[PDB]
Structures are given as structure tokens and as C-alpha cells.
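Trainee: pasting the sequence and an experimental structure:
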Protein chains: 2
Amino acid sequence: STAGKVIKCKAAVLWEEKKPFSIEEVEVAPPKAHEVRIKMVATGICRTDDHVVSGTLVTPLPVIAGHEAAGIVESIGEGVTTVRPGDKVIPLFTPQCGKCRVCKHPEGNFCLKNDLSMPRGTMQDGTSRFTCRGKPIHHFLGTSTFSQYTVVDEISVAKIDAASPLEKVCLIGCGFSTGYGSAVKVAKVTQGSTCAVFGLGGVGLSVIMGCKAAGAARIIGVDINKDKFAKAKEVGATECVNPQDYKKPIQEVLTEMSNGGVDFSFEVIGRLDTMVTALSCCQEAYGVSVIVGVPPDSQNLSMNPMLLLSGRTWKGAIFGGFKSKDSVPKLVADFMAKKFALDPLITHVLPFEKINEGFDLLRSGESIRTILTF
Amino acid sequence: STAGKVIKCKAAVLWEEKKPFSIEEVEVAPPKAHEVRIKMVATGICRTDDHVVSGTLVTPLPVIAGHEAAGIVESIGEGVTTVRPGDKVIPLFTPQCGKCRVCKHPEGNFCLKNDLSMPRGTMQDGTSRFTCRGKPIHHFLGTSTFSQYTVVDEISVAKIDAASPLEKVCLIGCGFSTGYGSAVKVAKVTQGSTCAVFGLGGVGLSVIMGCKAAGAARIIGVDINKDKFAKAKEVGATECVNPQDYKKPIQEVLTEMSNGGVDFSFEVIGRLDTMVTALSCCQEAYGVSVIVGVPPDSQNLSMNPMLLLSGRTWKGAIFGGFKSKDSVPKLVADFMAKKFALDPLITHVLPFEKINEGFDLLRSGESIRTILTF
Ligand SMILES: NC(=O)c1ccc[n+]([C@@H]2O[C@H](COP(=O)([O-])OP(=O)([O-])OC[C@H]3O[C@@H](n4cnc5c(N)[nH+]cnc54)[C@H](O)[C@@H]3O)[C@@H](O)[C@H]2O)c1
Ligand SMILES: NC(=O)c1ccc[n+]([C@@H]2O[C@H](COP(=O)([O-])OP(=O)([O-])OC[C@H]3O[C@@H](n4cnc5c(N)[nH+]cnc54)[C@H](O)[C@@H]3O)[C@@H](O)[C@H]2O)c1
Ligand SMILES: [Zn+2]
Ligand SMILES: [Zn+2]
Ligand SMILES: [Zn+2]
Ligand SMILES: [Zn+2]
């Protein structure tokens, strides 16, 4: 009975940077051609959502953020062929249009239809499906999952297993897949290798999971918050180091510990300095460093290109290098077959109405992932 | 006989930066254990040798430079097993000790015994075999080929085909192998791809050769000296562009030409700005950029890490990624079997006594490789 009609529902609207979200009524338009309207079931709080609040990641405001989620299709627009009403789905913050040069490339995943490189905060057609207080509200990464209902382009949604536990598999929509893929797909961690992981939040823990799945012999976790170390060891870290404990720069410490540099390093924080440190700590001739963290808007790092000339490889990726629509359903199926665990990432559960408390938990350092239930 | 005796011979000594080489008599000590004394036959002038002169590459002075060469073994020290008097050899400016973690790694070539990272200007034992006017003279990269005779460590020499033309295959000691391997081994250029090569000197031409051998469909040469374009097209460039001809930055031009960025780019100059440009012009999701040029001493570049986060790979390499002692004899065998050409790189052939004139031809833009013959 809601098909083709505007839905009034609650969402978490961000009117201004550095302010709490406002939980209030919004109007959600019905889906246009090749659009899908989704009743959200669960959404995670990723640090990237906090970057919108802090102005680390610039996107137009006011906005409905959220990009790590799962829900159930309420209705489909004309021409949709890949999902149906009642299907469980994960919104894809990295689309997979299937048609652009990146989607056609065997190793590309950062589809040209993304809204991350130069955010406009719209649907693919350049418009918004959201109104609040009579004012248009921006989308975020084509997903806008901090709402009881959202509308996404068909290229930004994947159908998943009907028996999936949505309160767990929402993490496949960002943090798990990103970290795990950064290890297994992007870095291609090898059996017996030594890895260093900078940042032990939900994404860095997922990197550790992937490095352990790939057979690394040593996985060194690096965080300035020693409270993060116990869970990092639970999921595979062999040792953890806090840069604040040492007189020398941590790249020197890690080089010493690894008898000349690590095989694979990962920056999973979002700081320019730790991007350079993570590069430096990998072995100069054959090391690989992967940037995963989101940098502060418009800022440049400084580095000595001799770090690369000796043989290092430096790369980054979005969403763990996974082609999103192909990969998300497979990841869910693998989760259902117990090929990896998600519970270690989930430290807190809250109702959606307590979103601000969920952000407080992230900012205090206490949580990994809080899962919000609608 | 000269074996076991000091040899007095002619060499080109660099007494201070930014001055001509001094062509004069030096004394060359006999080889100690695990050392090899070589009568030089031909040596190329590589831009890296000019970097010593210009202070772009810091190494202890006074020095006998030269690292791209070929000669004939005059004598061997105790314990040498890999070459014998009379053998044709190429000195290896990147050693292959066979024992270090890099040598044992399948993809590493920048052996830890190298003298490039932290140049000492000596033999492996920390001493010099050269004196001039009563003063000790430094080695360069364990090779020092601007001399009628040199002494190298065994790990810094490879035996090559006895029928090799040394006046050509000396280029396998640096510029050919570096450029060719940077394409075929480090970048792993693919069939049908689009490449951009920044800098069309001897090394950049060799990159083009490798890109063509790997089956690239398009190879765009980039140089500010349009006189370099004809030879670049002869060896495989499909297009050449001069940044000075355009109102827009050349990364934008190249991105437009390639309908969204190139598959592979190469920086083969040694400038910070062109390293960043070359990275930027590769496709943001799956492009690869390789730094080959030697940067100016102690200078850092500035870049936006979103260039990497989207999916680019940035790497550099010494000597085309080739394990030097394994690879050099095979490259020479391949040359003998007509698998690649060296003549396109050779624009001038001068007696050794004309070393300064050879450097002037490089600096003026007029040469690719000058081969000096002893
Ligand atoms: N590339 C992608 O597709 C992608 C996906 C998801 C998240 N991200 C980014 O990845 C980063 C991590 O996200 P998350 O795991 O949700 O965040 P998080 O939970 O905030 O974890 C970051 C961790 O970094 C630690 N940290 C902060 N500063 C330092 C320091 N100087 N040295 C060492 N550790 C430090 C911090 O204590 C925390 O445990 C953020 O920048 C996200 O925006 C990127
Ligand atoms: N990585 C290695 O193992 C390795 C080996 C050999 C050479 N090198 C370095 O590679 C670089 C090239 O050596 P080479 O081919 O002998 O030098 P080269 O013959 O001087 O060629 C350099 C080319 O760059 C061109 N150039 C200069 N400035 C610009 C600019 N702003 N934009 C575009 N083109 C420009 C110039 O006109 C010339 O044709 C040097 O920095 C060497 O030191 C590195
Ligand atoms: Zn696409
Ligand atoms: Zn995220
Ligand atoms: Zn070695
Ligand atoms: Zn050279």
C-alpha cells in the first residue's frame, strides 16, 4: 500500500557540521525508474560517517548519512530487474554500474558512478528523494542509510540471501569487506608474511582477519589506544604496539621488529603522517603498503620518493577492492557458511533513536561497531 | 703480466661537484679475496653519472663514476668462482649477494649490499682500490667504470657471452635493462594497454621498447624536448606530446587522450613534479605508475593520497626490477638472439678521452647514449 506514494518516516538528519544528528520526520519520495526504496533494518556506525560530521570528508549538507547497512526492499521503480519487493538487500556505497571502463576491468572496483571522489549528495539523476521541514536533504554516497526508508539507484544495491541476519551482515556493506579485501585482494597478503596494521577499529580488525585468513605468520597491530589490543589479538594479531610507548618513530621500531621491514602494511586510520609511516615500515625493496583510511579534505602528504624507487609498492582502495554488486552476495553466503566471523566487530547494539549515543561511543574510543536497529 | 701487481692506468676522476672530469693516471690495486679486476672496453654515459656531477645524487667525492659498462676480466682474487681471466663481464651497480632477504625474495632485486641507499663509495670491505696523486679515490656503486681498469666485488659482476659486442651490451649494465624491466617486470604492462612514458632519453626509450614488447596498443611519449620524438616513435611510441605546447596541465591532457587515464605511466626523468603528474595521469581505479627517475637529494614531493585511495598503484624500482647477476647474462643472450635492439639508443661513440664532450652532448639535449671506448 505504500508503493508509488511518499513515505513519511524518521531519519537522522545532519543539518550542520560538528552537531548531533537530528532524529526527525522526513518525506521519502517513491522510486523513479531504476531506483529501489528500502526499509532499513540495521546500520553500522563507520568512522566515515563521523568524518561527515567533523568535516574530514566533505559532502554537501544538510545530509542523511549512513552507508553500512542492510534492509528489505519496500518497492522498485520501473525497469528494476535485480531486486524485488521483500528481498533482503545491502546498499552499495560504491556502485557497480557494470558498463564503465572500471566495472569492465578485471581489477577495478571504483565505478565511475560513485559519489565519493567529488560528492554531490544526490541520486544518479542529480536530484534528491528526501525532504525535511519542506527543504531538500542531500543523500550520502548514494545510500543514506540513517533513515527508516531510503531510495537508492539499482546500481547501488545488492540482493542477499533471504535467510541472512541483517543485524550482522550490515557490516559487509562497509567495514568488514573493506578491511578483509584490503588484505586478501588489494595487498594479496602471502602465507608466512609479516603484516603491520595501523588502526585497530572495525576496519583494521577486519584487515587483521584477512591477514590471518591469508596465512600471515606475524600481524603487528599498531594503535595509540591500548584498549584496542585485546580484541586485535583475539582476531589474529600476534603482537601490538603503541607508538606513544617508544622514544623512536614507530617506522623504525617496526623495521627493527621485522628484521628490516614488513611484507605488508596497512593504514587504517586516515592520517597523512601514518600513511607515510606505514609506507616507510614496509621492506624497501619488496614491501607493499595499502592506504585504507580516509584523509582530511584537500590535504596533501609529503614524502621522499626514494621510498618508492628502492622497490616499495604503495596503493590504496575503496571497499577492499571488491566489485560491490558481484561481491556482497558472495560475502554474505560465505558468512552464512561460517567462513569468517562478524561478531568480534560488534561491541554495542542500540536502537536507531540512540544514534547520537552510538557516535559518542565511537568518539570516546569505547566501541568498534555499534549496530543500530530500526 | 699485471696479475698481483698495482696497475697504473688512465681514469676520469671527479675531484669536486660541478667540474669537468679530470682524465689522468690512477693506481689500481690488485683484487683481494672475492674481488675481480676488469679491463674496461666500453662504458655508457647515463644521466645518473651526471647527477653525481650536478649534486643531484650525493656520493662521496673524489670519485671514479661510471656504472653502465662492459669489459674483460684481467685477474681474480682468491675465492672467486663465477668469472675467470679473459671473460667478458658487465659490472653490476646493483649487486646480487644471493644471501640477504631481498636476494632470497622472489620479487626483490635491491640487494642489501648495494651502495646506493647510503653511499659509502668503497668496496664491500669498506676500503678503496684507487689512488690518484697519492690520495684515495672513492668507488661509485661498487662499479667505477670510468677507468681503464676497475676492481669490483664478485657479487657486483656477471659473466656474459664471450662473443658479445661490448660496445653495445654495456647498455645492459644500466639504461636498457632498467627501462625495459620497468615496463615488462615492474609495471607488467599488458597487451592492448595504453602507456605514458615521461622522459625520452636512453632509459625512457627502453621503457617504450618494453611497453611495445608487452603488446601495448598505445604508447604516449612525453618530453619537453621535441627533438626526442622521432626516435621515440621509431622504437614504438604511437603519439608524442610536449607539455609546453598545452595551456592545461599535461596530466589533464593525458587523461583526456586516454578517455579517463592511462593503464601504465612511467616517470623517467627525475623530477618531483613529473612523478606526481605521472601518477595522476594513470586511471584512478586501476592505473599503475612506476618511478624510474632519480630524485634530487633529500627533497620530498607533495601529493594528495586520494590519488591512491581510489585504487592507483604507485611503485618504483632500481635496475628494472631485475635480479642483477641472474638477469644480465640472460639479457645479453637475448640480445645475441635478436630479441631486442640496442642500436636505437646509441647516438654517439667516442674515445674515453672525450668523456667530457660526451657529458656535454647529454646536457645539451643532443645525445641519447654516448658509448665511450677505451
Ligand atoms: N577505504 C575504504 O573503503 C574505507 C572503508 C571504511 C572506512 N574507511 C576509513 O578507514 C578509517 C578507519 O575506520 P574505522 O575502523 O571505522 O575507524 P575507527 O574505529 O575510528 O578506528 C581508527 C583507529 O585508529 C586509531 N588511531 C587514531 N590515531 C592513531 C595514530 N596516530 N596511530 C595509531 N592509531 C591511531 C584509533 O585509536 C582507532 O582505534 C577511517 O578513516 C575511515 O574513514 C575507509
Ligand atoms: N631507477 C634506475 O635504476 C635508473 C637507471 C638509470 C637511470 N635512472 C634515472 O632515470 C632518469 C633518466 O635517465 P636517462 O634516460 O639517462 O636521462 P636523459 O637522457 O637525461 O633523459 C631524460 C629526458 O627527460 C626529459 N625531460 C626533462 N625535463 C622534463 C619535463 N619537465 N618533462 C618531460 N620531459 C622532461 C629530457 O628532455 C630528456 O629527454 C634519470 O633521473 C636517471 O638518473 C634510474
Ligand atoms: Zn561502473
Ligand atoms: Zn565506511
Ligand atoms: Zn643480497
Ligand atoms: Zn644508470
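Mentor: Nice, thanks for sending it over. Residues are numbered from 1 along each chain as shown, chains lettered A, B, ... in the order given. Ligands and ions are numbered 1, 2, ... in the order given.
Trainee: any idea how chain A splits into domains?
Mentor: A:1-178+A:318-374, A:179-317 (curated CATH domains).
Trainee: what's the closest of these to ligand 5?
Mentor: Proximity to ligand 5, assessed across those by C-beta to the ion, is greatest for domain A:179-317 (9.3 Å). Quick note: C-beta positions are derived from backbone N, CA and C, even for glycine.
Trainee: may I see the domains of chain A arranged in TSV, with distance to residue B:363 and mean neighbour count as well?
Mentor: Formatted as TSV, the entries for the domains of chain A read as follows, by distance: least, C-beta to C-beta, whole Å; neighbours: other C-beta atoms under 10 Å in any protein chain shown:
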stretch	distance to residue B:363	mean neighbour count
domain A:1-178+A:318-374	41	20
domain A:179-317	23	22
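Trainee: could you dump the ones you listed into CSV and include distance to ligand 4?
Mentor: As requested, the domains of chain A are arranged in CSV below (distance: least, C-beta to the ion, whole Å):
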stretch, distance to ligand 4
domain A:1-178+A:318-374, 3
domain A:179-317, 7
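Trainee: so which of these gets nearest residue B:31?
Mentor: Proximity of those to residue B:31 was assessed by C-beta to C-beta; the nearest stretch is domain A:179-317, lying at 27.9 Å.
Trainee: looking at the domains of chain A, which is closest to ligand 2?
Mentor: Between ligand 2 and the domains of chain A, the shortest separation by C-beta to the nearest ligand atom is 6.0 Å, and it involves domain A:179-317.
Trainee: close to ligand 6, is that closest one?
Mentor: No: judged by C-beta under 5 Å from the ion, domain A:179-317 and ligand 6 are separated, with a smallest distance of 12.3 Å.
Trainee: tell me how far the nearest residue to residue A:336 once chain neighbours are set aside lies from residue A:70.
Mentor: Of all residues not flanking residue A:336 in the chain, residue A:161 sits nearest, at 5.9 Å (C-beta to C-beta, 6 or more residues apart in numbering or on different chains). Taken as C-beta to C-beta, to the nearest Å, the spacing of residue A:161 relative to residue A:70 amounts to 11 Å.
Trainee: which parts of the stretch 251-374 of chain A are helices?
Mentor: In chain order, the stretch 251-374 of chain A shows helices spanning A:272-281, A:306-309, A:324-336, A:355-363, with DSSP state H, counting those that start in this stretch as the criterion.
Trainee: from residue B:205, how far off is the residue in chain A that ligand 6 sits nearest to?
Mentor: Residue nearest to ligand 6 within chain A: residue A:309 (12.3 Å; C-beta to the ion). Between residue A:309 and residue B:205 the distance, using C-beta to C-beta, works out to 20 Å.
Trainee: before we move on, the earlier item: tabulate the domains of chain A (CSV), appending distance to residue B:114.
Mentor: Shown next, in CSV, are these (distance: least, C-beta to C-beta, whole Å):
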stretch, distance to residue B:114
domain A:1-178+A:318-374, 32
domain A:179-317, 9
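Trainee: switch the ones you listed over to JSON lines; also include distance to ligand 2.
Mentor: Listed next are these as JSON lines, based on distance: least, C-beta to the nearest ligand atom, whole Å:
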{"stretch": "domain A:1-178+A:318-374", "distance to ligand 2": "25"}
{"stretch": "domain A:179-317", "distance to ligand 2": "6"}
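Trainee: who wins for proximity to residue B:357 among those?
Mentor: Of all the domains of chain A, it is domain A:179-317 that lies closest to residue B:357, at 29.9 Å by C-beta to C-beta.
Trainee: close to ligand 5, is that closest one?
Mentor: No: between domain A:179-317 and ligand 5, judged by C-beta under 5 Å from the ion, nothing touches; the nearest distance is 9.3 Å.
Trainee: from the chain's centroid, how far away is stretch A:118-136?
Mentor: 22 Å (C-alpha atoms, centre = their mean, to the nearest Å).
Trainee: how about that stretch, does it get close to ligand 3?
Mentor: No: when contact is scored as C-beta under 5 Å from the ion, no part of stretch A:118-136 falls within range of ligand 3; the minimum is 11.1 Å.
Trainee: what does the stretch 1-150 of chain A have sitting close to ligand 3?
Mentor: A:97, A:100, A:103, A:111.
Trainee: quick check, central residue of chain A?
Mentor: Note on chain A: the residue nearest the mean C-alpha position is residue A:174, at 3.3 Å, using C-alpha atoms, centre = their mean.
Trainee: for that one, give me phi and psi.
Mentor: Residue A:174 adopts backbone torsions of phi -160, psi -80, taken as degrees, to the nearest 10.
Trainee: could you find the closest non-adjacent residue to it?
Mentor: Here the residue nearest residue A:174, using C-beta to C-beta, 6+ apart, is residue A:68, at 3.7 Å.
Trainee: for residue A:54, give me its contacts.
Mentor: Taking C-beta atoms under 8 Å, 6 or more residues apart in numbering or on different chains as the criterion, residue A:54 is in contact with A:17, A:18.
Trainee: hey, which strand is longest across chain A?
Mentor: If you go by DSSP state E, chain A has its longest strand at strand A:35-44.
Trainee: and the next element down the chain from that one?
Mentor: Counting by DSSP states H and E, the next helix or strand C-terminal to strand A:35-44 is helix A:47-54.
Trainee: the following helix or strand past that next one vs ligand 1: in contact?
Mentor: On the C-terminal side of helix A:47-54, the nearest following helix or strand under DSSP H and E is strand A:69-76. No: Strand A:69-76 stays clear of ligand 1 (C-beta under 6 Å from any ligand atom), getting no nearer than 13.3 Å.
Trainee: same thing with stretch A:271-286?
Mentor: Yes: where contact is defined by C-beta under 6 Å from any ligand atom, part of stretch A:271-286 touches ligand 1, namely A:271, A:274.
Trainee: next one: that stretch, is it in contact with chain B?
Mentor: Yes: Stretch A:271-286 lies in contact with chain B when judged by C-beta under 8 Å from any C-beta of the partner chain; the contacting residues are A:272, A:275, A:283, A:284, A:285, A:286.
Trainee: isn't the last one right up against residue B:102?
Mentor: The reference is to residue A:286. Yes: with contact defined as C-beta atoms under 8 Å, residue A:286 and residue B:102 form a contacting pair (6.7 Å).
Trainee: mind listing the shared neighbours of these two?
Mentor: Residues touching both residue A:286 and residue B:102 (C-beta under 8 Å, 6+ apart): residue B:108.
Trainee: just to revisit the earlier point, tell me who's in contact with the residue of chain A closest to ligand 6.
Mentor: Listed by C-beta under 8 Å, 6+ apart, the contact set of residue A:309 reads B:291, B:292, B:294, B:295, B:316, B:317, B:318.
Trainee: closest to ligand 3 out of those residues?
Mentor: residue B:291 (29.1 Å).
Trainee: contact residues of the stretch 51-200 of chain A facing chain B?
Mentor: Residues of the stretch 51-200 of chain A lying close to chain B (C-beta under 8 Å from any C-beta) are A:101, A:102, A:105, A:107, A:108, A:109, A:110, A:112, A:117.
Trainee: restricted to strands, list these.
Mentor: In strands, judged by DSSP E, none of those are found.
Trainee: filter these down to just the ones in helices.
Mentor: Where these overlap with helices, as defined by DSSP state H, the overlap consists of A:101, A:102.
Trainee: I'd like the residues of the stretch 51-200 of chain A next to chain B laid out as CSV, including distance to ligand 6.
Mentor: Shown next, in CSV, are these (distance: C-beta to the ion, whole Å):
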residue, distance to ligand 6
A:101, 36
A:102, 36
A:105, 34
A:107, 32
A:108, 34
A:109, 37
A:110, 36
A:112, 39
A:117, 38
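Trainee: contacts with ligand 1 among the residues of the stretch 51-200 of chain A next to chain B, please.
Mentor: Among those, ligand 1 is touched by none when using C-beta under 6 Å from any ligand atom.
Trainee: pull the most distant pair out of the residues of the stretch 51-200 of chain A next to chain B.
Mentor: A:107 and A:117 (18.1 Å).
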